[PDB]
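The block underneath contains the structure these notes are about, expressed in structure tokens.
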Amino acid sequence: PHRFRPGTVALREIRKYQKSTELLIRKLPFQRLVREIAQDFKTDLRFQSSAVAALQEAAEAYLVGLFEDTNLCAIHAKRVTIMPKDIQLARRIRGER
Amino acid sequence: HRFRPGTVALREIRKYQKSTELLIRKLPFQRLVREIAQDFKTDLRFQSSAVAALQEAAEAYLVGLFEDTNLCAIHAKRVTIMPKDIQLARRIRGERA
Amino acid sequence: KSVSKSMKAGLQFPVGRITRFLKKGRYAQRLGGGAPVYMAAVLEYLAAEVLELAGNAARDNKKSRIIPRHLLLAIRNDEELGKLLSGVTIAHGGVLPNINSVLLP
Amino acid sequence: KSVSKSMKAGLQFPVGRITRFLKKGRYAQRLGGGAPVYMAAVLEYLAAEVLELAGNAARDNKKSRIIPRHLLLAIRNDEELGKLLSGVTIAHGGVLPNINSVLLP
Amino acid sequence: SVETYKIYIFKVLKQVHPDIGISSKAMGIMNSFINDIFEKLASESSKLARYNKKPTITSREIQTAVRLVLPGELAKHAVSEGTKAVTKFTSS
Amino acid sequence: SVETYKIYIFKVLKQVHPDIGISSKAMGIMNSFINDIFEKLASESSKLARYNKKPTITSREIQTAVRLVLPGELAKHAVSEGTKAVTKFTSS
Amino acid sequence: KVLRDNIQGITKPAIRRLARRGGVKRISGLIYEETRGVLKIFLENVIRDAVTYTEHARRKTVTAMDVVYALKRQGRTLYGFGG
Amino acid sequence: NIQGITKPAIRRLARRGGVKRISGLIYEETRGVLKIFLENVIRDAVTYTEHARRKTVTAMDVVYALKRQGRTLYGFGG
DNA sequence: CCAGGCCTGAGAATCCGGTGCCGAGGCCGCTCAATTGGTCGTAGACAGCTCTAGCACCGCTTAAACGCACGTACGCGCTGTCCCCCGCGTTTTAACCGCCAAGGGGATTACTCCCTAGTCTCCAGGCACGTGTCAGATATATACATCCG
DNA sequence: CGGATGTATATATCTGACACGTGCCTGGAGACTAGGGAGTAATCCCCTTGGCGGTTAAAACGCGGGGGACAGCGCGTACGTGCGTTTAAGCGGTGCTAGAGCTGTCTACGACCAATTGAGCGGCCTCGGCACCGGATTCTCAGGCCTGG
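Residue numbers (the UniProt record's numbering), protein chains in the order written: chain B, 39 to 135; chain G, 40 to 136; chain L, 23 to 127; chain H, 23 to 127; chain P, 59 to 150; chain A, 59 to 150; chain E, 21 to 103; chain X, 26 to 103.
The following block contains the structure:
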């Protein structure tokens, strides 16, 4: 049957998700994770929907920027595939611990 | 006799990491600073403390940049550092757009 | 008999409100008369530049309202604006379309 | 009868001088009575920590006088101090010795 | 009530592009941008007044704060606009 | 007559390591470090009293400024030291 | 109710989509654990600052203003939620 | 005057940075990067001096500019 | 025996006209913040004076830099392999929407008490200056490690 | 495993930087007032948390496989290393003067308070720009057949 050669769907997904402006993380799982991290600090914390939306936007933007840097490192290493060492190098150069 | 390539480099690395002395000639750095400042305001006088501060800042910045460049070179499976490594380091840090 | 300070400076942004904000922010013990006018002029200039590029993006995308996507496209397409707002995230803006050349066939 | 604020709090840093600095910086309209004491306590603790690490480095170098090299070694070897002081460069301090295994023979 | 720059941004937008509107989210982003630039300028003016031991903030302080906070071309046009506005205010 | 922290830093050094001295450059560095931490804490206290409509800066403001500025264990120990100092001041 | 092991809610397709938005063409199978750890660290930092602001405000609810202030603390200014 | 930053000086800076082997074009790249850095810092320092109604650039102005770039300097007055 | 076409099926992206919906943009009422005219106090613009230090210059010394030769370690291109993401189909599951209910805390008001700014008055801690002296940098000789021949 | 190049070391030295004594003046401390801001107690009601089910879109699982990472190997050259020569940095002794730094005046600029009024904010309502969608049209994508090589 019909079969896209690998890479074509990846490029199309890149184009689609760079054209779109919608949040790529599921809201309920993100909210649950945020509340877990919060109760790790102060018990019985309420949240606002705007606060959770702000956290989700910040997290998505941070991850996309980190993935751009990781892609740059992978291309530098003469690779198409991104690997955890690329993320580690990017974070080390940026100055994150 | 002749030392093999690398031994003198390592001894120089240890020597210049154990020291705390400026590696750039003071008068050439002063002339470079004055030349650069000539493009902002004519007839500027300087202070020796000001030129010393600029020299310290420039040396620290270049040392950090070369550390990041070495990281990139090792990532690319190399011992040699190259201009592409400096460009990648600056791109991740944010100086280069 | 009452002429607003914006009209005297030939500006749109509120000189009086900027004055009140500066005085309430406790930035200095005393505030000059031309400081609010200057700051209003700078702010309106910046807003006009951003809005002009955003409207250009909206017109290019065959629309008639400026949206966060248009604002982000303007910011990331103007070199000086992106330099000013390098570490700023625009909500509901996405990313500037960019695919590295090596990844393309 | 003139008991110093520093003696009243068991501190070395100048509570009165810190009060004057806070009030002349116009950080707020009013300054609480415990704010200068708290600031002096925190500053004295930080100075004591840095000086203790620097003196340890000086002893490890077989010297009886702290130098900027000792200060920088202490700051770069303490994790939290390095996190606090990361974009800060120290005059006449150099760098930590670090040659990676790839470079080493 | 909450105070924003919606009216003023709408006036500027109708000056530059008479036939283009704007959404609520875009207005929110623009209001945040204006507030951010206002803080980034006022804090710098305050710190320069502290550095020079000067109790007052003046058009000169804001001019040098603008030169410090904006890139080249933006600073040039902003200084021109501010000088023009201050000259007009003094004349009138 | 420039005001510095030389005497107090010397006293702290003699209280910690009595057999180790200090150089002029090292004292300059320590003075700069103390000043920088002071402005960081004070500025984050002002930008924290401003966001709660509070005209005053108190021990609570300084404590939360310390928590925001310093890393974890360092802020914990600093908070303990400040609480002890304020308690002694109130008792005396 | 105590919450446990919620980091798996950031599924493999979500990480893949974020990478695709970032321009990534091929993703290794070990990227997801590292990405989950990095996201956890970032969220811990931002939430710690947000809870510090909330606790200073004598409040039991976190606000978008608190999150925005935390993101300025990290130098990650966010437009569109106030400020 | 940029040529005053000689190849041996850049090699010494690299050694303090931990570089075991250097390529040819690294020197030109380093000169360009140093020129950009100095242009930024000197621009801010000259702005401070002009606001001070002075003609001499002071170490305090240089330190304040460096603090603006997020890279503070301890030892010259802070 | 290999390729290199056009072919040509074939899904995907684009265009287009229809319809519907809810948010942008204008109008109205009100209220509260900006404007104005006046007075009082001091911050700064301006002009002088002085003397620190910044600049220009010269000459001597020698230490770092330049140029060139030689060699070998490494960057890079190529090739083979094996494996591990990718694309696609099928099954599962819990995100999501809608609706409702409970209650808890954020916002607001009111009252009271005490904490701090302000002003004056006294006097000792802190800073600049002078001077003694010892930890360390330096010259020089030496035992010790080590990497290349 | 030798040797020369380096680091480190033991000891003299000599030294200039660090530590201590002393005088003075400026900023810190104490006392009293008064006034506004912080803490506390009530109350409202709005937003946040929590339970359900249903349809369903997205996640999870499995599998063939093909494209890419990764290791190995050989070639050429570019960089490291060493030595002779040259260039100018560094020191330091002199001279000059532009300009930092502070002082005095006096004046214009800004703070401050009361009354007024117009601009901007909340609320409301209608309509058209935009999200969605199914038929048509074109645009890249991928395997294939007979002929050119």
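Just so you know, even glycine gets a beta-carbon here, dropped at the ideal spot from N, CA and C.
Minimum Cβ-Cβ distance from residue i to chain E less than 9 Å
{"i": "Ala113(L)", "result": "yes"}
{"i": "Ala91(B)", "result": "yes"}
{"i": "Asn122(L)", "result": "yes"}
{"i": "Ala115(B)", "result": "no"}
Backbone CA spacing between residue i and residue j [nearest angstrom]
{"i": "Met85(E)", "j": "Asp69(E)", "result": "12 Å"}
{"i": "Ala77(X)", "j": "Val71(X)", "result": "10 Å"}
{"i": "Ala48(G)", "j": "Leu126(H)", "result": "10 Å"}
{"i": "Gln86(B)", "j": "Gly103(E)", "result": "16 Å"}
{"i": "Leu44(H)", "j": "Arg40(X)", "result": "44 Å"}
{"i": "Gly38(L)", "j": "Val110(L)", "result": "28 Å"}
{"i": "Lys142(A)", "j": "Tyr60(H)", "result": "9 Å"}
{"i": "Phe35(H)", "j": "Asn83(H)", "result": "29 Å"}
{"i": "residue 129(H)", "j": "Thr81(X)", "result": "Outside the shown range of chain H, which is 23 to 127, sits residue 129(H), and nothing can be said about it."}
{"i": "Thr31(E)", "j": "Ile51(E)", "result": "12 Å"}
{"i": "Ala34(E)", "j": "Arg64(B)", "result": "8 Å"}
{"i": "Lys60(X)", "j": "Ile75(G)", "result": "8 Å"}
{"i": "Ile95(P)", "j": "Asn78(H)", "result": "46 Å"}
Within chain A, partners of residue i - CB distance below 7 Å
{"i": "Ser86(H)", "result": "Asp77, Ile78, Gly79"}
{"i": "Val59(H)", "result": "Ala143, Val144, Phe147"}
Under 8 Å by beta carbon: chain X residues contacting residue i
{"i": "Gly109(H)", "result": "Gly95, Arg96, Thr97"}
Contacts of residue i in chain A (Cβ-Cβ under 8 Å)
{"i": "residue 186(E)", "result": "Since the displayed chain E opens at 21 and closes at 103, residue 186(E) lies outside it and no answer follows."}
CB contact below 9 Å: residue i versus chain X
{"i": "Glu119(P)", "result": "yes"}
{"i": "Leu125(H)", "result": "yes"}
{"i": "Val117(H)", "result": "yes"}
{"i": "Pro90(H)", "result": "yes"}
{"i": "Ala136(G)", "result": "no"}
Beta strand (DSSP E) segment containing residue i, residue limits
{"i": "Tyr99(E)", "result": "97-99"}
{"i": "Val110(L)", "result": "110-112"}
Cβ of residue i within 9 Å of any chain P Cβ
{"i": "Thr31(X)", "result": "no"}
Cβ of residue i within 9 Å of any chain L Cβ
{"i": "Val124(P)", "result": "yes"}
{"i": "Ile75(B)", "result": "no"}
Within chain X, partners of residue i - CB distance below 7 Å
{"i": "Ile63(G)", "result": "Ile30, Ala34"}
Range covered by the alpha helix (DSSP H) that runs through residue i
{"i": "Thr141(P)", "result": "130-149"}
{"i": "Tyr52(X)", "result": "51-76"}
{"i": "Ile67(P)", "result": "64-74"}
{"i": "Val59(L)", "result": "57-82"}
Contacts that residue i makes with chain B (C-beta to C-beta distance below 7 Å)
{"i": "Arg130(G)", "result": "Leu110"}
{"i": "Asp82(G)", "result": "Within chain B, no residue comes near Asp82(G); the closest Cβ sits about 40 Å away, beyond 7 Å."}
Below-9 Å beta-carbon distance, residue i vs any chain A residue
{"i": "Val64(H)", "result": "yes"}
Partners in chain L for residue i, counting only beta-carbon separations shorter than 7 Å
{"i": "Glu95(B)", "result": "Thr111, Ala113"}
Interface residues of chain X facing residue i [CB-CB closer than 9 Å]
{"i": "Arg41(G)", "result": "Those do not exist, as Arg41(G) stays about 17 Å from chain X at its closest Cβ, beyond 9 Å."}
Chain B residues whose Cβ lies nearer than 9 Å to that of residue i
{"i": "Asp78(G)", "result": "Going along chain B, no residue has its Cβ under 9 Å from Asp78(G), so there is no contact; the nearest lies around 31 Å."}
Within chain P, partners of residue i - CB distance below 9 Å
{"i": "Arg98(L)", "result": "By Cβ distance, chain P contributes nothing, its closest Cβ being about 14 Å from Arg98(L), past 9 Å."}
Interface flag, residue i vs chain B, CB-CB below 9 Å
{"i": "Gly104(L)", "result": "no"}
{"i": "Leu127(G)", "result": "yes"}
Contact list for residue i against chain H, beta-carbon separation under 9 Å
{"i": "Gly102(X)", "result": "The premise fails here: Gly102(X) is roughly 11 Å from chain H at the closest Cβ pair, so nothing lies under 9 Å."}
Cutoff 9 Å: residue i Cβ touching any chain H Cβ
{"i": "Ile120(G)", "result": "no"}
Chain-ordered chain H contacts of residue i [CB-CB under 8 Å]
{"i": "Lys57(G)", "result": "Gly116, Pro119"}
Interface partners of residue i on chain L, CB under 8 Å
{"i": "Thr114(P)", "result": "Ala50, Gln51, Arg52, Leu53, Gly54"}
Listed by chain order, chain E residues near residue i by CB distance under 7 Å
{"i": "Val47(B)", "result": "What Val47(B) touches in chain E: nothing, since even the nearest Cβ is about 10 Å away."}
Chain-ordered neighbours of residue i on chain P, where CB pairs are closer than 8 Å
{"i": "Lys30(L)", "result": "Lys146, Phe147, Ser150"}
Any non-hydrogen atom of the ligand GDP closer than 8 Å to residue i Cβ
{"i": "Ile121(L)", "result": "With respect to the ligand GDP, the structure shown offers nothing to examine, as it has no ligands at all."}
Subject >> Contact set between the stretch 77-108 of chain P and chain E, restricted to residues whose Cβ is under 8 Å from the partner >> reply: Correct list: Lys83, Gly86, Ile87, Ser90, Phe91, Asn93, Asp94.
**OP:** Select from the stretch 33-58 of chain X all residues with a C-beta closer than 8 Å to any C-beta belonging to chain H, and list them in chain order.
**Re:** Listed by position along the chain: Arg41, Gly42, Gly43, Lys45.
Subject >> Near-chain P residues of the stretch 61-78 of chain X - C-beta to any C-beta below 8 Å >> reply: Flagged, chain order: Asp69, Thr72, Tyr73, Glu75, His76, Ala77.
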